[PDB]
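Structure first, commentary second.
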Protein chains: 2
Amino acid sequence: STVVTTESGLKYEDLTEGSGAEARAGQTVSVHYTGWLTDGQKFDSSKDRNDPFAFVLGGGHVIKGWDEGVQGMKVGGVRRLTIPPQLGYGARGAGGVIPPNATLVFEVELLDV
Amino acid sequence: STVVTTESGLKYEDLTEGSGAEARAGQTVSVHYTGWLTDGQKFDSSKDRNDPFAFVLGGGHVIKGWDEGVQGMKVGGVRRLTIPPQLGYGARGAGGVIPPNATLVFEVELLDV
Ligand SMILES: C=CC[C@@H]1/C=C(\C)C[C@H](C)C[C@H](OC)[C@H]2O[C@@](O)(C(=O)C(=O)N3CCCC[C@H]3C(=O)O[C@H](/C(C)=C/[C@@H]3CC[C@@H](O)[C@H](OC)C3)[C@H](C)[C@@H](O)CC1=O)[C@H](C)C[C@@H]2OC
Ligand SMILES: C=CC[C@@H]1/C=C(\C)C[C@H](C)C[C@H](OC)[C@H]2O[C@@](O)(C(=O)C(=O)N3CCCC[C@H]3C(=O)O[C@H](/C(C)=C/[C@@H]3CC[C@@H](O)[C@H](OC)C3)[C@H](C)[C@@H](O)CC1=O)[C@H](C)C[C@@H]2OC
Ligand SMILES: [Ca+2]
Ligand SMILES: [Ca+2]
């Protein structure tokens, strides 16, 4: 599998290519995800709550790295995102979970579009 | 299981009670469904398309019987809705699938909220 670095600085890698429908901006998508800090510390997983996460792709209600990075996935796909801080939580971080200026790694599994 | 007839004329019956979170107006819910006419002719199923159906419960983008009927389901539950035409497609029906003045029967499986 290849790694793609976009103009924004996002990096992504398809760990498994999906066989289903393609995710496009505008669609309401459902995913499972896991998030880690660059030291390997897991900070969150939707699988731990057994609760798929739904959002409007390109809707501006998730961090920029997600809105950009989930586009192009196919249902059944697992994509790994490496999100630099300007496309995540930037200088502020996310109180008690994500430090200031953090690069974030997510694995995203696309369940439906 | 019991059958409930609401003030609107909607009838619903919980074929299986869900064990997960309750569906409330406002939530974006994901379901599988099958739809039939009162003579048992199947007109649609999301299972046949392998494509779960997401919608905003109470958002007015589904027939009135759905917006009302899916409220109160729990994740994992299967609810049968009997929808009179005034809470469905009324006198117009829906070209080449649902005739005028059709009572509709749906089975709805709540996948996520
Ligand atoms: C009303 C609020 C509750 C509402 C909560 C949910 C829908 C449940 C949902 C599963 C979130 C998780 O709850 C278990 C939990 O997910 C994290 O652990 C996480 O993995 C993460 O990073 N995710 C979630 C998955 C999408 C990407 C990213 C995100 O974009 O999250 C978004 C986020 C926090 C954006 C901030 C918003 C503030 C800005 O200042 C900042 O701008 C830089 C960016 C989330 C989706 C918000 O849009 C909406 C919410 O917050 C956060 C570390 C903290 C967060 O809990 C709050
Ligand atoms: C932009 C258009 C595409 C867009 C299509 C999708 C998102 C895909 C989605 C799975 C629909 C199915 O696509 C395969 C297919 O589902 C049926 O087979 C069906 O089982 C059905 O009855 N459903 C769908 C499940 C929710 C309840 C109900 C519905 O409320 O459907 C709504 C409906 C048709 C409402 C009419 C709208 C016009 C009014 O005049 C009338 O007012 C009384 C009510 C649907 C969700 C619309 O909001 C949005 C759309 O149409 C219809 C028999 C025909 C319909 O395809 C068209
Ligand atoms: Ca959910
Ligand atoms: Ca879908």
Side-chain angles (χ1 to χ4, degrees), chain A residues 20-23 26-37 42-46 48-49 51-57 59-70 75 81 83 85-91 93-96 98-102 104-108 110-113, chain B residues 26-37 42-46 48-57 59-70 81 83 85-91 93-96 98-100 102 104-108 111-113:
Chain A
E22 187 176 2
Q27 292 180 324
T28 297
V29 306
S30 170
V31 308
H32 270 308
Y33 70 90
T34 302
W36 302 264
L37 299 181
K42 178 172 85 161
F43 61 82
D44 194 16
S45 180
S46 59
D48 294 343
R49 303 183 288 283
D51 187 10
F53 170 62
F55 74 107
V56 181
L57 187 52
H61 267 64
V62 295
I63 54 169
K64 294 177 181 184
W66 267 64
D67 264 344
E68 184 183 355
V70 173
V75 174
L81 304 177
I83 302 182
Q86 79 284 9
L87 306 183
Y89 296 98
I98 299 179
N101 310 293
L104 305 173
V105 177
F106 285 91
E107 277 188 31
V108 182
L110 185 57
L111 306 172
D112 186 47
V113 305
Chain B
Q27 296 170 333
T28 295
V29 309
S30 178
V31 309
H32 268 311
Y33 72 87
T34 307
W36 299 266
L37 304 185
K42 182 171 66 149
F43 58 82
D44 194 10
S45 170
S46 64
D48 293 345
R49 294 183 268 93
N50 192 18
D51 187 10
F53 173 64
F55 76 102
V56 176
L57 186 56
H61 277 80
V62 293
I63 54 176
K64 295 181 173 167
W66 271 60
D67 261 350
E68 182 180 359
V70 175
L81 303 177
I83 304 180
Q86 74 282 354
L87 304 182
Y89 298 98
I98 300 182
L104 306 178
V105 181
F106 289 88
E107 278 181 18
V108 179
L111 303 171
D112 184 51
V113 303

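Just so we're on the same page: letters track the sequence lines, and every chain starts at 1. In listed order, ligands and their atoms are each counted from 1.
The A/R49 neighbourhood of ligand 1 comprises atoms 10 (C), 14 (C), with distances under 4.0 Å to a heavy atom of that residue. Within ligand 1, the atoms closer than 4.0 Å to a non-hydrogen atom of A/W66 are 25 (C), 26 (C), 27 (C), numbered from 1 in the order shown.
At a threshold of 3.0 Å, the Ca ion (ligand 4) has no backbone or side-chain N, O or S atom of B/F53 nearer than that distance. Not one N/O/S atom of A/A21, from backbone or side chain, sits under 3.0 Å from the Ca ion (ligand 4).
Contacts with ligand 2 closer than 4.0 Å are made by side-chain heavy atoms of B/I98 only, the backbone lying farther away. At a heavy-atom cutoff of 4.0 Å, ligand 1 is contacted by the side chain of A/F106 but not by its backbone. Within the 4.0 Å heavy-atom criterion, the part of A/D44 lying near ligand 1 is the side chain and not the backbone.
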side-chain contact (heavy atoms from CB on, under 4.5 Å) evaluation trace for A/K42 with A/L37: CA-CA 6 Å; A/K42 178 172 85 161; A/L37 299 181; over 6 Å; no
Before giving the answer on side-chain contact (heavy atoms from CB on, under 4.5 Å), spell out for A/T34 and A/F106 the whole-Å C-alpha distance, their side-chain angles and the decisive distance to 0.1 Å. CA-CA 6 Å; A/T34 302; A/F106 285 91; over 6 Å; no
Test log, rule side chain to side chain donor-acceptor pair (under 3.5 Å), inputs A/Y89 and A/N101: CA-CA 7 Å; A/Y89 296 98; A/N101 310 293; over 6 Å; no
Go through the steps to decide whether B/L87 and B/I63 satisfy the test side-chain contact (heavy atoms from CB on, under 4.5 Å), and finish with yes or no. CA-CA 6 Å; B/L87 304 182; B/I63 54 176; over 6 Å; no
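Under the 4.0 angstrom criterion for non-hydrogen atoms, B/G88 is in contact with ligand 2.
Across all their heavy atoms, B/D67 and B/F55 have their closest contact at OD1-CE1, 3.7 Å. In plain terms, the two heavy atoms of A/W66 and A/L57 that are nearest each other are O-CD1, 4.1 Å.
Checked against a 3.5 angstrom limit, the closest N/O atoms of B/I63 and ligand 2 fall inside it. Checked against a 3.5 angstrom limit, the closest N/O atoms of A/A94 and ligand 1 fall outside it.
Once rounded to the nearest 0.5 Å, the distance linking NZ of B/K64 with CD1 of B/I83 reads 12.5 Å.
Between B/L111 and B/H32 there is a side-chain heavy-atom pair separated by less than 4.5 Å.
Rounded to 10°, the angle formed at the Ca ion (ligand 4) by A/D112 OD1 and A/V113 O is 80°. Geometry at the Ca ion (ligand 4): OD1/B/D51 and O/B/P52 form an angle of 90°, nearest 10 degrees.
Evaluation of the side chain to side chain contact (heavy atoms under 4.5 Å, CB included) rule for A/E107 yields A/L15, A/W36, A/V78, A/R80 as partners, not counting sequence neighbours.
Considering each of B/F55, B/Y33, B/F53, the one bringing a non-hydrogen atom nearest atom 12 (C) of ligand 2 is B/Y33.
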